[PDB]
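Asks: Attaching a single structure in structure tokens format; questions to follow.
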2 protein chains.
Amino acid sequence: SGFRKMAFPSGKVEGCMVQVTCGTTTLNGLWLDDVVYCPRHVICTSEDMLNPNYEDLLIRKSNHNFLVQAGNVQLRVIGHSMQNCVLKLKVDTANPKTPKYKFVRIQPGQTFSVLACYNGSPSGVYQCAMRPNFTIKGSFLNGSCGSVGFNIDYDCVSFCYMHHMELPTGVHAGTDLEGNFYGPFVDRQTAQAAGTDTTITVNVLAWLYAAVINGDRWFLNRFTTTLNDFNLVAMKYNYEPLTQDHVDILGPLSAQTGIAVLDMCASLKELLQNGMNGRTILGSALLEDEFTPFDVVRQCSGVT
Amino acid sequence: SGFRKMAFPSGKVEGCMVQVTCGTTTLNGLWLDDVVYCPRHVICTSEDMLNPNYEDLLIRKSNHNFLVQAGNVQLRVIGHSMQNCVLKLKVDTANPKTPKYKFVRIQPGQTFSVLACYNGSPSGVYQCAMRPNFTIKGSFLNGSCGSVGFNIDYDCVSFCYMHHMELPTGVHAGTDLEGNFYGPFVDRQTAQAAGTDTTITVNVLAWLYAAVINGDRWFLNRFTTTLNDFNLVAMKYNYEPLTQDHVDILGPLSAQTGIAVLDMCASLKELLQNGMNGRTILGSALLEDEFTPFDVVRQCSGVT
Ligand SMILES: Cc1ccncc1NC(=O)[C@H](C)c1cccc(Cl)c1
Ligand SMILES: Cc1ccncc1NC(=O)[C@H](C)c1cccc(Cl)c1
């Protein structure tokens with residue numbers, strides 16, 4: 001029992017972190033096989049970031065200008081290429097610690113663990129959600145660029161995120177491992193607005209099931225609702241509309257607890273309309289949306 | 001910017017997790033150098049747990065009855081001893097992945113990362129606090145026994161906790177790495193009460209400083225208080241009394257923000273007396289107490 005914002009064990013990812021220096025800029029890189037991946041803005045000075053022409057900036061750089069250091073040893077760079085917003089540095093040595101891995105582009109509302117790094121060194125791990133507006137509310141300081149988000153399925157690490165930028169609002173933006181930004185963001189020191197964010201409804205419902213499983217049941221009521229009625233409430237409270245696909249993924253939790261998805265929707269409806277009245281659910285005084293139905297099933301069953 | 005419940009990178013600890021089986025019971029062990037540490041209740045059957053005589057139960061066991069498996073390979077047990085509530089299995093091979101380490105007994109209110117494990121396999125990492133009543137509000141299922149809590153200072157892992165038991169209330173109890181329980185708990189299937197828990201005042205204050213650093217300042221007021229006046233409020237709201245030692249550890253945060261500790265106490269006093277009025281601080285609708293002043297300084301500066 002107990003329910004925690006749990007992150008994946010970060011070991012397999014720690015073995016991949018390297019420090020990349022180009023000119024006077026240092027950030028983190030991901031060394032997988034014989035390739036080091038990092039944000040392309042490693043090649044810019046602070047003055048370049050205002051309006052960078054990355055093609056022109058990269059043309060002034062050679063293999064020998066990219067300094068890659070893994071722990072305490074130096075990697076020899078034999079090729080460099082830009083793919084979207086990421087640089088790929090071909091090295092002459094394959095990382096002996098390369099885990100089984102994939103590069104995946106996650107959907108908004110999905111969760112992942114972040115290994116926050118500085119100078120190629122891991123400092124912390126936390127679990128977070130890709131917001132519906134494609135931002136992440138991380139914890140990143142200058143030098144954290146190149147830190148990655150990932151999920152793990154038994155022995156396979158699926159890298160889904162690379163940190164690039166902190167927006168003027170303090171929220172974070174980044175790319176998939178092919179360098180494509182999540183959201184409408186560009187890697188430039190220009191004010192950029194993130195869309196209106198919404199609460200991930202299916203995740204809140206999954207979290208309400210985790211609460212019932214762990215004994216927090218005060219919010220269960222004698223009511224039920226319809227998808228249409230629930231969506232009227234969701235719209236008013238800036239919750240993502242619930243679809244039959246979301247109901248389907250909640251099936252295993254509905255099966256375990258015996259509480260039909262639409263009965264849980266009616267509990268959620270009442271909490272949205274009445275608040276928590278000073279009570280807590282799983283030690284939280286607000287509706288938590290950073291646990292997917294898959295995360296609740298995994299945590300509540302002990303998937304290693 | 002951003003503030004997360006961040007755990008230490010778990011890599012160095014993952015390399016130490018093993019599976020220990022004795023009879024029909026399997027749990028997790030910690031392999032450091034040529035010794036495997038695990039909860040002594042690995043030797044009990046479900047029937048033994050009601051009122052176990054561990055000395056008598058261990059006398060029926062030999063080195064060959066303890067099966068230790070690290071990943072996929074078997075460790076040869078050449079010695080066994082009980083130290084308080086932990087068994088120490090001497091193995092013929094030193095763990096090649098043994099990090100620099102220490103065994104430390106943490107104080108209540110201190111924080112640590114937990115690597116939750118099942119069958120010697122890591123499944124998740126989360127950060128938590130040792131409650132003032134010596135319990136931890138973890139996330140543990142059957143088979144999680146032997147999972148450990150730790151802190152990391154550059155390259156040194158300080159192990160502070162080993163999970164043993166889930167109390168009838170759903171909270172967790174365990175030992176230091178010498179097998180001494182934190183709190184008044186015994187390793188027996190008998191109802192055991194944890195003391196009245198209190199909120200870790202110094203941690204809430206540290207977290208209010210993290211909020212000011214990250215831009216959440218609405219709770220700052222035009223008031224100040226005295227240690228005596230603040231402690232009257234703390235007593236009424238079941239907060240630990242603040243001492244000059246706590247004020248002293250908050251000095252670096254007071255120095256950074258320019259908000260005197262007693263001015264922050266007056267903000268905390270007003271939040272205790274008025275609640276949050278439907279507002280949030282660092283994405284939380286309640287006063288967070290799982291970040292020490294050291295954790296806030298480390299996270300807010302980027303200590304790797
Ligand atoms: C300062 C900081 C804090 C947290 N995350 C990232 C950062 N770093 C940045 O945002 C850096 C300086 C940057 C500027 C403009 C565009 C891009 Cl792609 C990257
Ligand atoms: C079931 C479970 C869930 C979460 N944590 C630990 C556990 N496991 C236990 O509490 C085990 C069965 C146990 C019983 C009585 C005393 C002791 Cl020392 C250990």
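In the structure tokens, each chain is lettered A, B, ... as it comes, each chain's residues begin at 1, and ligands are numbered from 1 in order of appearance.
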Write out as a list in words all residues of segment 179-223 of chain B that backbone DSSP assigns to alpha helix (DSSP H).
Replies: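 Checking each residue of segment 179-223 of chain B, the alpha helix (DSSP H) ones are residues 201, 202, 203, 204, 205, 206, 207, 208, 209, 210, 211, 212 and 213 of chain B.
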Asks: Enumerate residues in contact with ligand 2: an atom-to-atom distance of at most 9 Å, counting only C-alpha atoms and all ligand atoms. Format the result as number ranges by chain.
Replies: A: 1-2; B: 39-42, 46, 49-50, 85, 138-145, 163-168, 170-174, 185-190
Asks: Write down, as a ChimeraX atom specification, each residue of chain B that has any atom within 9 Å of an atom of chain A, counting only C-alpha atoms.
Replies: /B:1-15,115-119,121-127,137-144,154,166,170-172,214-215,280,283-286,299-304
Asks: Go ahead and write the residues just picked, N, CA and C atoms, as a short mmCIF file (atom, residue, chain, number, x, y, z; two decimals), in the first residue's frame.
Replies:
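Output file part.cif follows:
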data_model
loop_
_atom_site.label_atom_id
_atom_site.label_comp_id
_atom_site.auth_asym_id
_atom_site.auth_seq_id
_atom_site.Cartn_x
_atom_site.Cartn_y
_atom_site.Cartn_z
N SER B 1 14.64 27.05 -13.00
CA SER B 1 13.44 27.20 -12.18
C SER B 1 12.58 25.92 -12.18
N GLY B 2 11.56 25.90 -11.33
CA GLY B 2 10.75 24.72 -11.12
C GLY B 2 11.25 24.02 -9.88
N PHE B 3 10.35 23.34 -9.18
CA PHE B 3 10.70 22.65 -7.96
C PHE B 3 10.00 21.32 -7.91
N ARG B 4 10.79 20.25 -7.88
CA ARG B 4 10.27 18.89 -7.92
C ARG B 4 10.69 18.06 -6.73
N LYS B 5 9.86 17.05 -6.36
CA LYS B 5 10.20 16.09 -5.32
C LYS B 5 11.22 15.14 -5.99
N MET B 6 12.46 15.53 -5.95
CA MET B 6 13.53 14.85 -6.66
C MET B 6 14.24 13.82 -5.82
N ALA B 7 14.49 12.67 -6.41
CA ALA B 7 15.22 11.61 -5.75
C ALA B 7 16.64 11.57 -6.31
N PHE B 8 17.56 10.96 -5.57
CA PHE B 8 18.91 10.76 -6.04
C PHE B 8 18.89 9.80 -7.22
N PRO B 9 19.84 9.96 -8.17
CA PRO B 9 19.96 8.96 -9.25
C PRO B 9 20.25 7.59 -8.58
N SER B 10 19.48 6.58 -8.93
CA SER B 10 19.52 5.29 -8.23
C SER B 10 20.52 4.27 -8.74
N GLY B 11 21.29 4.62 -9.75
CA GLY B 11 22.23 3.71 -10.40
C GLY B 11 23.16 2.93 -9.49
N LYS B 12 23.87 3.63 -8.62
CA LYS B 12 24.83 3.00 -7.71
C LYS B 12 24.17 1.98 -6.76
N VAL B 13 22.88 2.18 -6.46
CA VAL B 13 22.13 1.30 -5.58
C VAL B 13 21.56 0.13 -6.37
N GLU B 14 21.12 0.37 -7.63
CA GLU B 14 20.62 -0.70 -8.50
C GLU B 14 21.66 -1.81 -8.64
N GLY B 15 22.94 -1.43 -8.80
CA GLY B 15 24.02 -2.40 -8.91
C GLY B 15 24.27 -3.26 -7.67
N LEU B 115 14.72 3.05 -3.34
CA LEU B 115 14.68 2.27 -4.56
C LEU B 115 13.78 1.07 -4.24
N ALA B 116 12.53 1.13 -4.66
CA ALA B 116 11.58 0.04 -4.43
C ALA B 116 11.95 -1.14 -5.33
N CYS B 117 12.07 -2.35 -4.76
CA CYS B 117 12.49 -3.54 -5.48
C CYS B 117 11.58 -4.72 -5.22
N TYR B 118 11.50 -5.67 -6.19
CA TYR B 118 10.74 -6.93 -6.08
C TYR B 118 11.58 -8.02 -6.75
N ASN B 119 11.85 -9.14 -6.02
CA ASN B 119 12.66 -10.27 -6.49
C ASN B 119 14.08 -9.85 -6.90
N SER B 121 14.82 -6.98 -8.18
CA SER B 121 14.74 -6.09 -9.33
C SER B 121 14.14 -4.72 -9.02
N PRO B 122 14.89 -3.66 -9.35
CA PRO B 122 14.39 -2.30 -9.11
C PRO B 122 13.19 -1.99 -9.98
N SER B 123 12.15 -1.40 -9.39
CA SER B 123 10.98 -1.03 -10.18
C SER B 123 10.72 0.47 -10.17
N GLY B 124 11.11 1.16 -9.09
CA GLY B 124 10.87 2.59 -9.00
C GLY B 124 11.69 3.31 -7.95
N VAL B 125 11.83 4.61 -8.11
CA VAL B 125 12.57 5.44 -7.17
C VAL B 125 11.70 6.63 -6.79
N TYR B 126 11.68 6.96 -5.51
CA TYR B 126 10.93 8.11 -5.04
C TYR B 126 11.63 8.72 -3.84
N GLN B 127 11.37 10.00 -3.58
CA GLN B 127 11.96 10.70 -2.45
C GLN B 127 10.95 10.74 -1.34
N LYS B 137 5.95 7.09 4.73
CA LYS B 137 4.73 6.90 3.94
C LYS B 137 5.22 6.54 2.56
N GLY B 138 5.64 5.29 2.41
CA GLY B 138 6.19 4.82 1.15
C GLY B 138 5.14 4.28 0.21
N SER B 139 5.60 3.48 -0.73
CA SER B 139 4.76 2.79 -1.69
C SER B 139 5.41 1.42 -1.79
N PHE B 140 4.93 0.47 -1.00
CA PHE B 140 5.53 -0.85 -0.93
C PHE B 140 4.49 -1.95 -0.95
N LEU B 141 4.74 -3.01 -1.71
CA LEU B 141 3.86 -4.16 -1.76
C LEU B 141 4.61 -5.35 -1.17
N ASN B 142 3.92 -6.51 -0.99
CA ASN B 142 4.56 -7.74 -0.54
C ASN B 142 5.72 -8.09 -1.51
N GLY B 143 6.87 -8.46 -0.96
CA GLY B 143 8.06 -8.70 -1.77
C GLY B 143 8.97 -7.49 -1.88
N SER B 144 8.52 -6.33 -1.38
CA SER B 144 9.35 -5.12 -1.39
C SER B 144 10.34 -5.09 -0.22
N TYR B 154 28.27 13.21 -3.76
CA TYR B 154 29.12 13.08 -4.94
C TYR B 154 29.21 11.60 -5.37
N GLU B 166 4.90 -3.30 6.87
CA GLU B 166 3.79 -2.40 6.60
C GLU B 166 2.90 -2.52 7.83
N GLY B 170 -1.18 1.11 6.96
CA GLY B 170 -0.69 1.34 5.61
C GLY B 170 0.58 2.16 5.51
N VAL B 171 1.14 2.56 6.65
CA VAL B 171 2.40 3.27 6.68
C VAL B 171 3.52 2.22 6.86
N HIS B 172 4.76 2.63 6.64
CA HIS B 172 5.86 1.68 6.60
C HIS B 172 6.90 1.88 7.71
N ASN B 214 11.42 30.48 -6.59
CA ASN B 214 10.80 30.14 -7.86
C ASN B 214 9.62 31.04 -8.27
N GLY B 215 9.36 32.12 -7.54
CA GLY B 215 8.33 33.07 -7.94
C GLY B 215 6.99 33.04 -7.24
N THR B 280 -2.39 27.77 -4.59
CA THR B 280 -1.37 26.74 -4.53
C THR B 280 0.01 27.36 -4.35
N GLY B 283 2.72 24.23 -6.87
CA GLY B 283 1.78 23.24 -7.38
C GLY B 283 1.13 22.38 -6.32
N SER B 284 1.24 22.77 -5.04
CA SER B 284 0.65 22.01 -3.95
C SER B 284 -0.41 22.84 -3.23
N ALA B 285 -1.55 22.21 -2.88
CA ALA B 285 -2.57 22.91 -2.10
C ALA B 285 -2.43 22.69 -0.58
N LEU B 286 -1.33 22.06 -0.15
CA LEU B 286 -1.02 21.92 1.25
C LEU B 286 0.46 22.25 1.53
N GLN B 299 18.97 21.46 -4.70
CA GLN B 299 18.12 21.53 -5.89
C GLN B 299 18.17 22.90 -6.54
N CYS B 300 18.08 23.96 -5.73
CA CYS B 300 18.07 25.32 -6.25
C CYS B 300 19.45 25.79 -6.75
N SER B 301 20.54 25.04 -6.49
CA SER B 301 21.86 25.43 -6.99
C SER B 301 22.43 24.48 -8.05
N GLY B 302 21.92 23.25 -8.11
CA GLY B 302 22.33 22.26 -9.10
C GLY B 302 23.47 21.36 -8.68
N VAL B 303 23.47 20.93 -7.40
CA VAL B 303 24.52 20.05 -6.89
C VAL B 303 24.38 18.65 -7.49
N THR B 304 25.42 18.19 -8.21
CA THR B 304 25.42 16.87 -8.82
C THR B 304 26.24 15.88 -8.00
#
Asks: Residue 77 of chain B: which residues within 9 Å, counting only C-alpha atoms, same-chain residues fewer than 3 positions away excluded, as an MDAnalysis selection string?
Replies: chainID B and resid 63:68 80 89:92
Asks: Just give me the gap between atom CA of residue 259 of chain A and atom CA of residue 106 of chain A in Å, one decimal is fine.
Replies: 29.1 Å
Asks: Among the residues of segment 77-198 of chain B, find those DSSP assigns to strand (DSSP E or B) from the backbone and print them as a ChimeraX atom specification.
Replies: /B:77-83,86-91,100-103,111-118,121-129,136,148-153,156-166,172-175,181
Asks: Selected residues, C-alpha atoms, written as a compact mmCIF listing (two decimals), in the first residue's frame, please.
Replies:
# COMPACT_ATOMS: atom_id res chain seq x y z
CA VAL B 77 27.06 -18.21 0.83
CA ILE B 78 30.00 -18.94 3.15
CA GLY B 79 28.73 -17.39 6.41
CA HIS B 80 25.54 -16.08 8.01
CA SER B 81 24.90 -13.91 11.02
CA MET B 82 22.05 -11.97 12.51
CA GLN B 83 22.66 -8.38 13.62
CA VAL B 86 19.07 -7.88 9.62
CA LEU B 87 20.79 -10.99 8.35
CA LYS B 88 24.30 -10.59 6.96
CA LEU B 89 25.19 -13.28 4.43
CA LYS B 90 28.91 -13.54 3.78
CA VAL B 91 29.44 -14.40 0.10
CA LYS B 100 31.72 4.04 -2.05
CA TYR B 101 29.32 3.72 0.86
CA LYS B 102 28.52 4.28 4.51
CA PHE B 103 25.77 3.08 6.83
CA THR B 111 14.91 12.93 3.73
CA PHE B 112 16.13 10.06 1.52
CA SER B 113 15.47 8.27 -1.79
CA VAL B 114 13.96 4.79 -1.84
CA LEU B 115 14.68 2.27 -4.56
CA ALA B 116 11.58 0.04 -4.43
CA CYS B 117 12.49 -3.54 -5.48
CA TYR B 118 10.74 -6.93 -6.08
CA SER B 121 14.74 -6.09 -9.33
CA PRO B 122 14.39 -2.30 -9.11
CA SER B 123 10.98 -1.03 -10.18
CA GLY B 124 10.87 2.59 -9.00
CA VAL B 125 12.57 5.44 -7.17
CA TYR B 126 10.93 8.11 -5.04
CA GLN B 127 11.96 10.70 -2.45
CA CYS B 128 10.48 10.63 1.04
CA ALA B 129 10.98 11.85 4.64
CA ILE B 136 7.75 6.40 6.23
CA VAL B 148 16.60 0.47 0.74
CA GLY B 149 16.63 4.21 1.45
CA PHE B 150 19.76 6.24 0.79
CA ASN B 151 21.40 9.64 0.19
CA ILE B 152 24.37 10.36 -2.15
CA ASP B 153 27.25 12.87 -1.56
CA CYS B 156 29.40 8.11 -1.70
CA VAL B 157 26.11 6.31 -1.02
CA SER B 158 24.94 6.65 2.57
CA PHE B 159 22.44 3.87 3.20
CA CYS B 160 20.02 4.87 5.90
CA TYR B 161 16.99 2.58 5.58
CA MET B 162 15.88 -0.96 4.86
CA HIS B 163 12.20 -1.72 4.44
CA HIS B 164 10.78 -4.39 6.73
CA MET B 165 7.13 -3.94 7.53
CA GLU B 166 3.79 -2.40 6.60
CA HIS B 172 5.86 1.68 6.60
CA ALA B 173 8.56 0.72 9.11
CA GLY B 174 12.12 -0.40 8.75
CA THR B 175 15.62 -0.42 10.10
CA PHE B 181 14.35 -0.33 13.83
